[PDB]
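Every chain is numbered from 1 and lettered A, B, ... according to where its sequence line falls, protein lines coming before strand lines.
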Amino acid sequence: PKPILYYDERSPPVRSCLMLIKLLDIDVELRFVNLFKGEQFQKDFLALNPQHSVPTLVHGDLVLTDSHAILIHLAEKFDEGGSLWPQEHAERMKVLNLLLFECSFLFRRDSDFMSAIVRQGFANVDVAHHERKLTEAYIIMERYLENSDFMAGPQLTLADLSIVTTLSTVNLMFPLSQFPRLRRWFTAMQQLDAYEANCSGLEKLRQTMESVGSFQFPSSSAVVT
Amino acid sequence: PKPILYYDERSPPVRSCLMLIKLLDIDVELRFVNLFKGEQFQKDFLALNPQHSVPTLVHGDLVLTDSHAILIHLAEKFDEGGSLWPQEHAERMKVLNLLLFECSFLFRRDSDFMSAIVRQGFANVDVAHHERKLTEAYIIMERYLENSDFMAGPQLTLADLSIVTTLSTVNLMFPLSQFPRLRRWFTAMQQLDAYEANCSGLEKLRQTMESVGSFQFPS
Ligand SMILES: N[C@@H](CCC(=O)N[C@@H](CS)C(=O)NCC(=O)O)C(=O)O
Ligand SMILES: N[C@@H](CCC(=O)N[C@@H](CS)C(=O)NCC(=O)O)C(=O)O
């Protein structure tokens, strides 16, 4: 049976799975769950994923409720032996380490900021506080890239797919002027054909946030190529 | 060389790694990083881990900066063919999915609550708000346990090691009386020889939080 992806493309971790699906030409059925309309609290979706989060994948009997498990599962099933989720143990641990950085640090901080805008309205958010927390994530990713061309080594891996979507979301608000390696890496990701899967949801998230939060992102911040 | 574990046993993800190390008899060199003195910001540790977090594992040239990668790495290198990190793909993805639940949901929410204490003082924290967020996590784990004795199936896995330490930390503040499956699972986890690895750090966290929070946990 073909994988079923419950999704809202405004979500960065959803867009990471959409990028992998495009990169590998995976046939997947998409089922939209509108997060800003609260459809993730619908009783049948809650029964499927009590964390009420997207992406959720159903593939046969398997139900995955975290983008990072979804990326790993799809790579193992549709890129066997590939370099996205590498075969050598130490290389694979490095990718796993960076996936968890995305989950535990970069996404956590971007979610904290964006959730505050939705709950409080932009004018009531302590933007300076979130600028510090997210610039700290920029600094860390800049350090990762001072060693390798890609986040987890010399070539594109699942870590880049996970990180680039949330990075593009942070960068709607906060500029990358001071981060040359991060800008070089982001520019290169934007040249990838798979990056087309990030574009639509990023823009829909931009429009939704500006509406619900009653503000405008500074147009000069976002890196476009 | 033997793995090096940078740790502060007050950290629940540290304690998860300590439990696995004891369960598998792994010979490791422990290096204490006092989080309450800010030693995670010392220049050499920051150079090692820019996220300034424990646990951090150095194993040869490999540097891991997240407990969930460390658990998987140590299981793969020291417990090949074990049940903690199952070899069958569907079972392994199930364990991975629960490891990420611990990272993304349970630990996130407990960390939000504990950080609010250290920042604001216990007397100023919106306790009811965090009670709702953390009770929601209890409700989810209770459902995870409906058809299995452990978090990811009929056997103990890495998911149980990761979740039990944070669970015990949430349980400093919020009791398990209303969750029969979760309470029975936690009691069973406490019978493990390896659970002794959780005991010392949990009580150190209690004592440290209560002094800095100028409060006492209801437990
Ligand atoms: N760590 C999880 C994070 C998933 C997550 O929190 N998704 C957000 C959207 S970016 C969501 O579904 N929010 C809906 C809700 O929490 O109710 C993953 O990587 O999939
Ligand atoms: N997702 C990470 C979380 C690690 C983490 O946040 N550890 C806390 C202690 S519980 C820490 O080191 N805090 C110090 C700091 O953030 O400066 C993991 O599982 O290892």
Side-chain angles (χ1 to χ4, degrees), chain A residues 62 66 68-69 72-73 75-76 85-97 99-100, chain B residues 1-7 9 11-31 54-86 88-103 107 144 148-168 185-186 188-199 201:
Chain A
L62 193 63
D66 187 283
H68 307 90
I72 284 167
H73 167 79
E76 293 190 342
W85 179 236
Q87 309 299 301
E88 197 273 306
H89 178 75
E91 300 180 61
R92 179 168 292 196
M93 293 300 99
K94 275 194 41 72
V95 174
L96 177 57
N97 197 63
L99 293 172
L100 289 154
Chain B
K2 83 175 72 173
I4 298 167
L5 181 74
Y6 291 88
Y7 82 102
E9 61 266 74
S11 165
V14 162
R15 283 178 269 129
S16 300
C17 293
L18 298 178
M19 286 183 60
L20 180 68
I21 287 162
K22 183 178 185 59
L23 174 68
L24 296 178
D25 295 339
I26 305 180
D27 186 17
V28 305
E29 174 179 350
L30 303 177
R31 289 184 185 176
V54 290
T56 294
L57 193 84
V58 174
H59 194 188
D61 304 326
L62 186 61
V63 178
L64 303 176
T65 55
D66 188 281
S67 66
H68 308 86
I70 296 168
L71 291 170
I72 287 163
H73 168 72
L74 293 174
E76 286 187 5
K77 293 286 142 263
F78 295 99
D79 192 39
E80 182 206 19
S83 61
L84 291 168
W85 184 230
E88 201 273 299
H89 174 86
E91 298 168 1
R92 180 166 289 199
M93 294 301 95
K94 189 177 189 183
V95 176
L96 181 59
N97 196 65
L98 269 294
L99 284 171
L100 291 156
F101 161 81
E102 194 283 334
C103 182
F107 179 85
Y144 285 159
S148 54
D149 285 353
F150 297 92
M151 288 288 167
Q155 316 209 99
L156 179 83
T157 67
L158 299 184
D160 301 282
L161 303 185
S162 179
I163 287 167
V164 74
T165 61
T166 304
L167 182 274
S168 81
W185 172 88
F186 187 35
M189 290 294 296
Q190 293 178 81
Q191 310 313 312
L192 305 163
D193 286 341
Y195 187 82
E196 182 205 328
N198 188 62
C199 291

Can you tell me if [X] uses its side chain to pair, donor with acceptor, with the backbone of [Y] under 3.5 Å?
X      : Y      : value
B:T56  : B:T65  : no
B:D160 : B:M151 : yes
B:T166 : B:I163 : no
B:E76  : B:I72  : no

Do [X] and [Y] touch side chain to side chain, with heavy atoms closer than 4.5 Å?
X      : Y      : answer
B:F186 : B:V164 : yes
B:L18  : B:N198 : no
B:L57  : B:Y7   : no
B:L192 : B:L23  : no
B:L99  : B:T157 : no
B:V14  : B:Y6   : no

Quick one: sort the B:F78 and B:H59 rings into parallel, tilted or perpendicular, breaks at 30° and 60°.
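The arrangement is parallel - the two ring planes meet at less than 30°.
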
Please enumerate all residues that pass ring-ring contact (aromatic ring centres under 6.0 Å, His included) together with B:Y144, with sequence neighbours excluded.
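In terms of ring-ring contact (aromatic ring centres under 6.0 Å, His included), with neighbours along the sequence ignored, B:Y144 is linked to B:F101.
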
B:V28 and B:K2: side chain to side chain contact (heavy atoms under 4.5 Å, CB included), yes or no, with the steps?
CA-CA 6 Å; B:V28 305; B:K2 83 175 72 173; 5.5 Å; no

Pairs flagged by salt bridge (charged side-chain N to carboxylate O under 4.0 Å, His left out) wherever residues 11-26 of chain B is involved - sequence neighbours left out
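Passing the test, one end in residues 11-26 of chain B: no pairs.
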
B:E196: what forms a salt bridge (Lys or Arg N to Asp or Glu O under 4.0 Å) with it, not counting sequence neighbours?
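Here no residue qualifies.
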
Run the side chain to side chain contact (heavy atoms under 4.5 Å, CB included) test on B:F150 and B:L98 for me, step by step, so that the C-alpha distance in whole Å, both residues' side-chain angles and the decisive distance to 0.1 Å come before the verdict.
CA-CA 11 Å; B:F150 297 92; B:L98 269 294; over 6 Å; no

